[PDB]
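Taking it in order: structure first as structure tokens, then the write-up.
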Amino acid sequence: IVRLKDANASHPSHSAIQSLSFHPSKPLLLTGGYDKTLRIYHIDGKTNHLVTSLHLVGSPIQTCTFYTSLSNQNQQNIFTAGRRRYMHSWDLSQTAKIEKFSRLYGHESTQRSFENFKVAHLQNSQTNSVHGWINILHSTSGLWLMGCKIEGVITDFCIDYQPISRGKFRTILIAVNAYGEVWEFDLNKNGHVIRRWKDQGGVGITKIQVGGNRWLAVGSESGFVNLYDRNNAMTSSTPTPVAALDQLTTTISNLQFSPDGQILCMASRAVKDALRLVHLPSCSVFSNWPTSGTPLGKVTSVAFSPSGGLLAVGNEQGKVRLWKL
Amino acid sequence: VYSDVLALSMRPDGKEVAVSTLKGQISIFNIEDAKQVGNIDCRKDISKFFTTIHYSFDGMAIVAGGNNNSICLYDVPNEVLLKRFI
Amino acid sequence: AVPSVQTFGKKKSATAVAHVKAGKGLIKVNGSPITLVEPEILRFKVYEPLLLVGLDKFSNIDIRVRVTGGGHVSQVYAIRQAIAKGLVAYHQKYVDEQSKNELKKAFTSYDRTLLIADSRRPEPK
Amino acid sequence: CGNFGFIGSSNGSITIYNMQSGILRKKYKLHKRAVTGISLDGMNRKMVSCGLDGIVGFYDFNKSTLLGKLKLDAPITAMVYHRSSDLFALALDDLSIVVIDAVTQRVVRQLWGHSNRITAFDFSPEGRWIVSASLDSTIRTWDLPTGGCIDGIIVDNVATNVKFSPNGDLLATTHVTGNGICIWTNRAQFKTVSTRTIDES
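Going down the list, the protein sequences come from chains W, V, B and Z.
Residues 235 to 327, 335 to 372, 382 to 462, 479 to 591 in the UniProt record's numbering are what the first sequence lists, from first letter to last.
Residues 514 to 559, 577 to 616 in the UniProt record's numbering are what the second sequence lists, from first letter to last.
Here the UniProt record's numbering is used: the first residue of the third sequence is 3, the next is one more, and so on.
Here the UniProt record's numbering is used: the first residue of the fourth sequence is 471, the next is one more, and so on.
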């Protein structure tokens, strides 16, 4: 397979990555940095030059967010939030005006942060997570529309939550950490629960993505990835994989689906040069790439494109690596 | 073996004898001197003693009372069952 | 200062004194290791405190004993008594209580008076 | 008796220490996934355990002998033992509370009804009741002799933990929002009731 050019976007420190996201139509990679940097740069597999950045003074950023993929604000606007109890608009029309969305009334400061907030598919309902229930507010007029009382008992700021590829109107996936459990929500009528069900949290609380659904795969801190069909949430509430897939011998803290749900990808942060990625539906291990003496490192964050051809790896020395796949 | 005694208590069988040693150890042996258990101190200061002891009637428990605001339950094996107190 | 105790014991006329200090596992009899005692038949009787409790049980222990008085046999009933109460009285003070009961519960089942000295007081019945 | 320390590791080892001298004492290894709970009967004779592999363990504490074990239907998330009635309760992944006898190594009951994950539970001091709380915002009480859920309280904020006082008077809850620890009063003057389940949402 074509071994592309190594990373060049490298911090002055050995710094870190908030989250990774991609552009769907032109080759660009979007990055939020903990130093209050909101920068997006051009990739070709050979190009690493910065295009544009955003540093808003008087405001630190502490989490990142891919704002909408398709309403009309994919190529103009990106909404992010910091530790401060509001969230910023970023307008390329570059206008980049700070639309101060602190206008959640009395449930604003009930969070430690807006530190996981995910847009719907038509931007008319923006989801926001609590240590804790989820606020649904439209990002277009700045008012709290409604909210789903996700009960929560131990909820340690649920680190990944996403609507499924079979329609946002169907249900919304909310992955509670420290239990491995999975919330599902009927978006189309507030206060209705489709089927809640036990994913493994005996082992593994780490984050998943959305397949589709077609498949599901989950992964633990023990080198262990399983395959849950969607309809096994129906009774009995615990599902079972077709097989337990094992290729790491140590921890795994990344999981990563294809856009057609036909790949998974798993990684850690304890040992340099170790990552894998498994084929679906054929249940196949891709052993051509990568290896354990190839530059992979101790990965923090990882992301595929909406195409899923390109692999983005942000590790703990400042580099941001790419690969064709 | 030990420790001047004050408290003697009999099983209703003629087969077991319970003695209180000169400390918190309360001990039992049979009529063929096989020493079964010696048992731990009498707590609850607000020194330690061994004043009275009695063998329960079913043959499965003894009760220890000294002069230290405490009273202890024991079975025929080793274990401390319950400690009630004033 | 080092943590150490001292017990002793006696059969009919011999007396025997024992120190117990933390060490590397030696057992001496006046100048000599334990495997030498002579009567040469009864050496298992002084092995008796070792295997009743277990072979290891000494890994931070040193033992020396000495012998005065007595005939041939009655020296050995002394020194098997001295190591017996010697071992227990180490566990009294630095190891827990609950090891000591397990020594007491295991010894007294096999008791040939390892914890009390015999004493004869004849009497017209 | 407070002499012993039981520690269960995520690789499945159960090791046993002295509490007095802080020394290593004894080691058991039967589970092959994370040992999620250890307890011991008040007579210090029979040692129970639970793994994520659906296995419940039953040991002698006086020996290292391997008495008996059971295979169940799900991983076990929590274990709380009641000592003066010799029972224990297990919270499974199928959202059901299993009650198991400690003496005869036998499952005696299985209780259904919590729609979401069981979080914390505790025996009443006289051993007749079990109070659990879950992410369906319910706090339910379960009478052991009748097998039936006798009362739920549907709350507006979901409590992290619950414990009975040793006296039969107070029930302690800890919540997610706010820092205080809410205290509840057991009534304990009367009742002759056995009445039942689902009501208002």
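All C-beta atoms, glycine included, are put in the ideal place defined by N, C-alpha and C.
- Residue range of the unbroken beta strand (DSSP E) whose run includes residue 93 (chain B): For residue 93 (chain B), there is no enclosing beta strand (DSSP E); the residue is part of the alpha helix (DSSP H) that begins and ends at 76-93.
- Message: Which of the three DSSP states is assigned to residue 49 (chain B) in this structure?
- Response: Collapsing the DSSP output to three states places residue 49 (chain B) in a helix.
- Item | Residues bridged to residue 592 (chain Z) (per DSSP) | Within the DSSP secondary-structure output, residue 592 (chain Z) pairs in a beta bridge with Z:601.
- When DSSP labels each residue in this structure, what does residue 631 (chain Z) get in the three-state scheme? Strand.
- Message: When you compare the region 514-534 of chain W with the region 439-457 of chain W, are there three or more beta-carbon pairs, one atom per stretch, that lie closer than 8 Å?
- Response: Judged by Cβ distances under 8 Å, the region 514-534 of chain W makes contact with the region 439-457 of chain W, as three or more pairs qualify.
- Item | Per-residue DSSP class, three states only, for residue 103 (chain B) | Residue state, collapsed to three classes: helix.
- Message: Can you check whether the C-beta of residue 513 (chain Z) is within less than 9 Å of a C-beta belonging to chain V?
- Response: By this cut-off, residue 513 (chain Z) is an interface position.
- Task: Quick one: which unbroken beta strand (DSSP E) runs of 3-plus residues sit fully inside the UniProt repeat "WD 11" (505-541) of chain Z? Chain order, please.
- Result: You should have 505-510, 516-521, 525-530, 538-541.
- Considering only C-alpha positions, which residue in the set V:613, V:528, V:540, V:514 is nearest to residue 580 (chain V)? Among V:613, V:528, V:540, V:514, the Cα nearest to that of residue 580 (chain V) is on V:540.
- Beta-ladder partner(s) of residue 30 (chain B), from DSSP: Residue pairing of residue 30 (chain B) in beta bridges, as defined by DSSP: B:35, B:66.
- Check the Cβ of residue 503 (chain W) against every Cβ in chain Z and list those closer than 9 Å, keeping chain order. The answer, in chain order, is 563, 564, 565.
- Residues that residue 434 (chain W) bridges to, as DSSP identifies them: Answer is W:423.
- Item | Distance cut-off 8 Å: residue 65 (chain B) Cβ against heavy atoms of the ligand MG | The model on display carries no ligand, and the ligand MG is accordingly not part of it.
- Can you name the residues of chain Z whose CB is closer than 9 Å to the CB of residue 97 (chain B)? Contact note: residue 97 (chain B) reaches chain Z through 488, 490, 491, 493, using a C-beta cutoff of 9 Å and chain order.
- Message: Would the region 483-492 of chain Z count as touching the region 114-125 of chain B if we require 3 or more Cβ pairs under 8 Å?
- Response: Output reads no: the region 114-125 of chain B does not touch the region 483-492 of chain Z.
- Message: In this structure, how does DSSP classify residue 6 (chain B) when only helix, strand and coil are distinguished?
- Response: If DSSP states are grouped into helix, strand and coil, residue 6 (chain B) belongs with the strands.
- Mind pulling the chain D residues with CB within less than 9 Å of residue 526 (chain Z)? As a matter of chain content, chain D is missing from the structure shown, whose protein chains are W, V, B and Z.
- On the three-state DSSP scale, how would you describe residue 329 (chain W)? Examination of chain W shows a numbering gap from 327 to 335; residue 329 (chain W) is inside it and therefore has no coordinates.
- Would you mind sorting residue 574 (chain Z) into buried or exposed? The rule is 16 or more other CB atoms within 10 Å of its CB. With fewer than 16 other Cβ atoms within 10 Å, it is exposed.
- Query: Does the beta carbon of residue 641 (chain Z) sit closer than 9 Å to a beta carbon anywhere in chain W?
  - Reply: With its beta carbon at least 9 Å from every one in chain W, residue 641 (chain Z) lies outside the interface.
- Identify, in the order they occur along the chain, each residue of the same chain with its Cβ nearer than 6 Å to the Cβ of residue 34 (chain B), setting aside the five sequence neighbours on each side. Short of 6 Å from the beta carbon of residue 34 (chain B), and not among the five residues preceding or following it, lies no beta carbon of its own chain.
- When you compare only the Cα positions, how much space is there between residue 419 (chain W) and residue 409 (chain W)? Each residue's Cα considered, the two are about 22 Å apart.
- Task: Give the straight-line distance between the Cα atoms of residue 664 (chain Z) and residue 503 (chain W), rounded to the nearest whole angstrom.
- Result: Using only the alpha carbons, I get a separation of about 30 Å.
- Task: Would you kindly work out how many angstroms separate the C-alpha atoms of residue 344 (chain W) and residue 387 (chain W), rounded to a whole number?
- Result: Residue 344 (chain W) and residue 387 (chain W) have their C-alpha atoms spaced approximately 10 Å apart.
- Query: Which runs of the beta strand (DSSP E) fall wholly inside the region 549-587 of chain Z and span at least 3 residues, in chain order?
  - Reply: For the region 549-587 of chain Z, whole beta strand (DSSP E) runs of length 3 or above, ordered along the chain, are 557-562, 567-571, 577-581.
- Task: Could you check how far apart the C-beta atoms of residue 4 (chain B) and residue 91 (chain B) are, in whole angstroms? I think they sit under 8 Å.
- Result: About 15 Å; that fails the 8 Å criterion.
- Item | Extent of the continuous beta strand (DSSP E) run through residue 549 (chain V) | Start and end: 548-552.
- Take residue 305 (chain W) as the anchor and find which of W:389, W:548, W:565 has the nearest alpha-carbon. Measuring from the Cα of residue 305 (chain W), the nearest candidate turns out to be W:389.
- residue 59 (chain B) versus chain V: which residues are under 9 Å apart at the beta carbon? Simply none; closest approach about 20 Å.
- Message: To be precise: take each residue of the region 422-440 of chain W, compare its Cβ to all Cβ atoms of chain Z, and keep it if any distance is under 7 Å. Which residues remain?
- Response: Closer than 7 Å at the C-beta level to chain Z, one finds these residues of the region 422-440 of chain W: 429, 431.
- Would you say residue 508 (chain Z) and residue 518 (chain Z) are within 9 Å of each other, going by their C-beta atoms? Yes, Cβ-Cβ distance for residue 508 (chain Z) and residue 518 (chain Z) is below 9 Å.
- Reduced DSSP category for residue 282 (chain W) - H, G, I as helix; E, B as strand; rest coil: Residue 282 (chain W) carries a coil assignment under DSSP once its states are collapsed to helix, strand and coil.
- Task: Using the Cα positions of residue 548 (chain Z) and residue 554 (chain V), report the straight-line distance between them to the nearest angstrom.
- Result: If you take the alpha carbons of residue 548 (chain Z) and residue 554 (chain V), they lie about 36 Å apart.
- Task: Measure the C-alpha to C-alpha separation of residue 561 (chain W) and residue 567 (chain W) and round it to an integer number of angstroms.
- Result: Answer to the nearest angstrom: the Cα atoms are 15 Å apart.
- Does the beta carbon of residue 609 (chain V) come closer than 9 Å to any beta carbon on chain Z? It does: the Cβ of residue 609 (chain V) has a partner Cβ on chain Z nearer than 9 Å.
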